[PDB]
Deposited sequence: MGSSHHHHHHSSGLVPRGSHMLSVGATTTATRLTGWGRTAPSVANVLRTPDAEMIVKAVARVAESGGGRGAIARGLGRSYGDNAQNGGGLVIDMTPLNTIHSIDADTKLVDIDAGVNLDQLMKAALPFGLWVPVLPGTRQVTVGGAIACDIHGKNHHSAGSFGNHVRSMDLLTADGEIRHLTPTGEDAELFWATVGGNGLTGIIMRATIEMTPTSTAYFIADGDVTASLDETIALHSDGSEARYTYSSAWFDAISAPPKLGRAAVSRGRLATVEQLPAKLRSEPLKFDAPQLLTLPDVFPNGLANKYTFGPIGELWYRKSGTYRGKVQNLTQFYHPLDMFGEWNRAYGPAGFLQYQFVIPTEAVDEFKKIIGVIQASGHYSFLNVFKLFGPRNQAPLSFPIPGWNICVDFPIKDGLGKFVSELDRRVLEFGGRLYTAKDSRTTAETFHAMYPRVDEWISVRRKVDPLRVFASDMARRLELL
């Protein structure tokens, strides 16, 4: 029933060979786990493999593909609850739930992620500072544990601890079979967006600490990480909120929940265009418009350590490693998941062309991120060390304890668990 497959994350790196079970039958799944528990490198769940790291692979072990288990069981406009299999992806869920006036409460940059993957990495999106991360919206889940049993976890139940260990747990508490999400009510599929441009890193920080952020539910920025100061850190800021029907152009009010470089570019006229183009108010945009080899590196620095955040950006541009695609956002309050990535503060994504001395430069970045109280993201990472990770996540020991109570025999395991000593 299993097939030896060669697996990588989305980074197409650190490949490993595992036995990939793929069945729409939850019974084959439960019994495949029981077949790992009476024997040795254990088992890990895999979703759509959008995670860049090595969390959804398990060298010389069992990897269980969950995408066949993609039944949407029900959606209820009144309770706002959705009840689906872990294999359902968020694009699928988005499209099924619009007709009910329901919005997926946390959307990441690609909708090709499963619900299991969204929970296990506790993903965040453009609205983190107003909605939190994915785990905040899970009202229940069914977790296939090492003992072959299915446990029904809730956020505030008597199983709260294992619930919040599973959130952001990178699949190391067992297999999420099914969950119940509370959605966000919406009257349209549209955003009303305000656009802003900055000329300096200092301007960017100002804009994000002036209180304007509280007027928008969604907010993120494209961010210059190549130009030398004080042009370094200038940003195209896109902020907004879901539009109501009364704010749509009348052509759309009929169907409000529907879904579907020249010579000047670098001169003063180019700079002018880019400011004009990137500055606006109340622009209505659908989801696509408003959301628009390499080493993907993402960290967050606590809010108060702002000067340290600036320092790291300066180190980056002067490093000779150039990143064009840079997403900046200020996270809001965190949640009670010990291994949850987001904390309030300065979040950034950078894309580094694989190049000489880059591996060693990012190790230094790790040191800086750590020294400054921030952390990396497992959904992005494959190269950091156990010691660095354990120091970045001070509640890791708390988490490991929970994980030990629930999988004493190390039935669930992955490349990452072994690398980061989470096993």
*Counting from 1 along the deposited sequence, which stretches were left out of the model?*
1-26, 66-67, 289-303, 336-350
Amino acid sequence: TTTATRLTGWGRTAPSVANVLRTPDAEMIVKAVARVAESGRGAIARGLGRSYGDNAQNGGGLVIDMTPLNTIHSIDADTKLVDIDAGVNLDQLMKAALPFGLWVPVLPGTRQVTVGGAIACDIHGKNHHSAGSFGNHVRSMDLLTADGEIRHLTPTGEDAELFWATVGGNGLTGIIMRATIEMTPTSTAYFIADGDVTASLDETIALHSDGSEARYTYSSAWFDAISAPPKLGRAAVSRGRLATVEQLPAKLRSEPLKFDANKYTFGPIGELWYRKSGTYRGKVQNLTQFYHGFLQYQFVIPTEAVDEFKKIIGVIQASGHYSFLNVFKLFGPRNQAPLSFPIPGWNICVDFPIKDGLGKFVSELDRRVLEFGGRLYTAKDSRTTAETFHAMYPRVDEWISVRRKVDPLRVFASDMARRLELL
From here on, numbers count along this sequence of modelled residues.
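So that the term is clear: the rigid core is the largest set of C-alpha atoms that superpose within 1.5 Å between two forms.
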*Positional deviation of Cα atoms in 4 other deposited structures of this protein after core superposition, greater for 294-302 or 275-283*: 275-283
*With the rigid core as the fit anchor, does 251-259 or 343-351 show bigger C-alpha shifts in 4 other deposited structures of this protein?*
251-259
*Indicate yes or no: is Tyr216 absent from the model in at least a third of the other PDB entries of this protein that were compared?*
no
*In at least a third of the other entries we lined up, does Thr265 end up with no coordinates?*
yes
*According to the deposited model, is the average Cα temperature factor higher in 139-147 or in 337-345?*
139-147
*May I ask you to compare 213-221 and 247-255 by their mean CA B factor in the entry and name the higher one?*
247-255
_Maximum C-alpha temperature factor per the entry, among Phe100, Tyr322, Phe299, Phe163, belongs to which one?_
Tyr322
*Of the choices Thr114, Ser74, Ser227, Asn326, which one's C-alpha carries the largest B-factor in the record?*
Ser227
*Could you look up the Cα B-factor of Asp351 in the entry and say which third of the chain it sits in: lowest, middle or highest?*
highest
*Would the CA B-factor of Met392 place it in the lowest, middle or highest third of its chain?*
lowest
_Considering every modelled residue of the chain and its Cα B-factor in the PDB entry, is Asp159 in the lowest, middle or highest third?_
highest
*Split the chain's modelled residues into thirds by Cα B-factor; is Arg367 in the lowest, middle or highest one?*
middle
*Report the third (lowest, middle or highest) to which the CA temperature factor of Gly240 belongs, ranking only the modelled residues of the same chain.*
middle
